[PDB]
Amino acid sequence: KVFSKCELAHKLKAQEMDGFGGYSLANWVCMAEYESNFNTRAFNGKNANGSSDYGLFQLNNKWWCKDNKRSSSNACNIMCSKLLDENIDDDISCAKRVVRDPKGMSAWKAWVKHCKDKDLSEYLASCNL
């Protein structure tokens, strides 16, 4: 499915992502638009090696989920396919475990390029949804 901005802010806040990893809701939401366009069917596969990114947060198969191709692992304990879904609870648990590594939200290239250094002070202004 595709969330609107605020839709997703309702849903992530709902789950305590709001101060999570020492990052605010705005951060998390901004990462989801530039990583996936708020769509739970975002998938990007690139064979340098069998890597591919899954879902709303674009969680990569080499470390974070288990699927059939080589470069898979499973820290989150999920089958990557649980990230192709309407439900984003597994996606929530795996983002939560990801931000907790030393890279923090820098594990997400689109956030680095698109939200880090932006003033997000008024990014959810129209969403106290």
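From 1 onward, residues are counted along the sequence shown.
J.: Looking only at CA atoms, which has the higher mean B factor in the entry: 73-81 or 56-64?
T.: Looking at the recorded C-alpha B-factors, 73-81 comes out higher on average.
J.: Looking at the deposited entry, does 117-125 or 8-16 carry the larger mean Cα B-factor?
T.: Per the PDB record, 117-125.
J.: Highest Cα temperature factor in the entry, among the options 93, 49, 36, 27: which one is it?
T.: Among 93, 49, 36, 27, the PDB entry lists the largest C-alpha B-factor for 49.
J.: Within this chain, which third does the Cα B-factor at residue 107 fall in: lowest, middle or highest?
T.: CA B-factor rank for residue 107: highest third.
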